[PDB]
Amino acid sequence: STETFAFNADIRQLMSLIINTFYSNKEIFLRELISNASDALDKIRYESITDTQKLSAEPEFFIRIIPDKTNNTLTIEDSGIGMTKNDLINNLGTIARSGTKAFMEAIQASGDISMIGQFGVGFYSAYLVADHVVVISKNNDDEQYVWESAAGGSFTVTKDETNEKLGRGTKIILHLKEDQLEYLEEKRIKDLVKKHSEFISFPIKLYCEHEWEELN
Ligand SMILES: Nc1ncnc2c1ncn2[C@@H]1O[C@H](COP(=O)(O)OP(=O)(O)O)[C@@H](O)[C@H]1O
């Protein structure tokens, strides 16, 4: 059954800024999410080098990008370390980190919205292009859970019993805004990924039409 959580106030203000901004460089969400996937993969590769068993639920490292024109969603999937239920609650809303508070104080003092691009807003950049965001995650030390938020001051976390099992990793599902459908186009995606992927040392694949295309 679903549990509801309140966004930390600072995180709520960050989301508020993101949702109301006219910042035109929205495409940066893609680099933020792919970097997150790379970091999560970093972690499971690191943990498993001295302990190969940690790879058993999913032996291959990958990042997959799946645009879906039928329901206007863009999905970023990885087989990284994944998040436990507590991880989703702790890392995706309830706790405002040092950097986040510093970013908010800085941007409020300067009003310089180019900071969004210069310093980044991490995972929350998804709300630059999406109305609603879903996160399915599976970590070795817990069952599969689902995090959801339409950015209304709250999010929910629900033990997953409807979706296909990931084995290990994370699936970020962006429900794109009506005016942001360009990010379903494969050329748009490839050009963005090419721009930010030189030093991502995991295989990146794009779902095309259907077949998987290698981006690196
Ligand atoms: N794809 C992912 N797999 C596993 N954990 C993730 C993923 N994306 C985000 N997280 C967790 O959410 C946290 C917050 O993400 P973010 O706001 O991008 O900050 P940062 O990238 O600086 O960690 C990350 O530190 C990470 O712990």
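For reference, positions follow the sequence shown, starting with 1. For ligands, and for the atoms within them, numbers begin at 1 and follow the listed sequence.
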**Student:** Atom 20 (P) of ligand 1: which protein heavy atom is closest, and how many Å away?
**Tutor:** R97 NH2, 3.7 Å
**Student:** Less than 4.0 Å between a side-chain N and a carboxylate O, is that true for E209 and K69?
**Tutor:** no
**Student:** Is it the side chain (CB and beyond), the backbone, both or neither of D87 that lies under 4.0 Å from ligand 1, heavy atoms counted?
**Tutor:**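 None of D87 does.
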**Student:** Do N86 and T84 have a side chain donor and acceptor closer than 3.5 Å?
**Tutor:**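 There is no such pair between these side chains.
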**Student:** I'd like to know if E213 pairs up with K190 as an ion pair, taking the criterion as any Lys NZ or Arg NE/NH1/NH2 lying under 4.0 Å from an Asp or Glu carboxylate oxygen.
**Tutor:** yes
**Student:** Taking non-hydrogen atoms only, is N91 closer than 4.0 angstrom to ligand 1 via side chain, backbone, both or neither?
**Tutor:** both
**Student:** So, taking the atom named CD1 in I172 and the one named CD in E32, what distance separates them when rounded to the nearest 0.5 Å?
**Tutor:** 12.5 Å
**Student:** Using a plain distance cutoff, I'd like to know if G82 has any nitrogen or oxygen under 3.5 Å from a nitrogen or oxygen of ligand 1.
**Tutor:** no
**Student:** By number and element, which atoms of ligand 1 are closer than 4.0 Å to a non-hydrogen atom of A40?
**Tutor:**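 In order of number, 2 (C), 3 (N), 4 (C).
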**Student:** Where does the angle between the aromatic ring planes of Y127 and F123 fall among parallel (under 30°), tilted (30 to 60°) and perpendicular (over 60°)?
**Tutor:** perpendicular
**Student:** Give me the residue, atom name and distance of the protein heavy atom closest to atom 17 (O) of ligand 1.
**Tutor:** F123 N, 3.2 Å
**Student:** Closest non-hydrogen protein atom to atom 6 (C) of ligand 1, residue and atom name please, with distance?
**Tutor:** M83 SD, 3.8 Å
**Student:** I'd like to check which ligand 1 atoms, numbered from 1 as shown, lie under 4.0 Å from a non-hydrogen atom of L92.
**Tutor:**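 Going through ligand 1 atom by atom, the ones under 4.0 Å from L92 are 12 (O).
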**Student:** Does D78 reach ligand 1, in the sense of a heavy atom lying below 4.0 Å from it?
**Tutor:**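 It does, in that a heavy atom of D78 comes within the 4.0 Å cut-off of ligand 1.
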**Student:** With heavy atoms of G122 as the reference, note each atom of ligand 1 found under 4.0 Å away.
**Tutor:** 17 (O), 18 (O)
**Student:** Do side-chain atoms of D160 reach the backbone of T162 as a donor and acceptor pair under 3.5 angstrom?
**Tutor:** yes
**Student:** I need the contact type for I172 against ligand 1. Using non-hydrogen atoms and a strict under-4.0 Å cut-off, is it side chain, backbone, both or neither?
**Tutor:** neither
**Student:** Might you confirm whether atom NZ of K205 has over 12 heavy atoms from other residues, nucleotides or ligands at distances under 6.0 Å?
**Tutor:**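 Count not over threshold, so no.
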**Student:** Looking only at protein heavy atoms, which one is nearest to atom 7 (C) of ligand 1, and how far off is it?
**Tutor:**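 Ranking protein heavy atoms by distance from atom 7 (C) of ligand 1, first comes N36 CB, 4.2 Å.
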**Student:** Please list all pairs meeting ring pair (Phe, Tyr, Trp, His ring centres under 6.0 Å) that have one or both residues in residues 173-193, counting only residues at least two apart or in different chains.
**Tutor:**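 Applying ring pair (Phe, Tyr, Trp, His ring centres under 6.0 Å) to every pair that reaches into residues 173-193, excluding sequence neighbours, yields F29-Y183, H132-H175.
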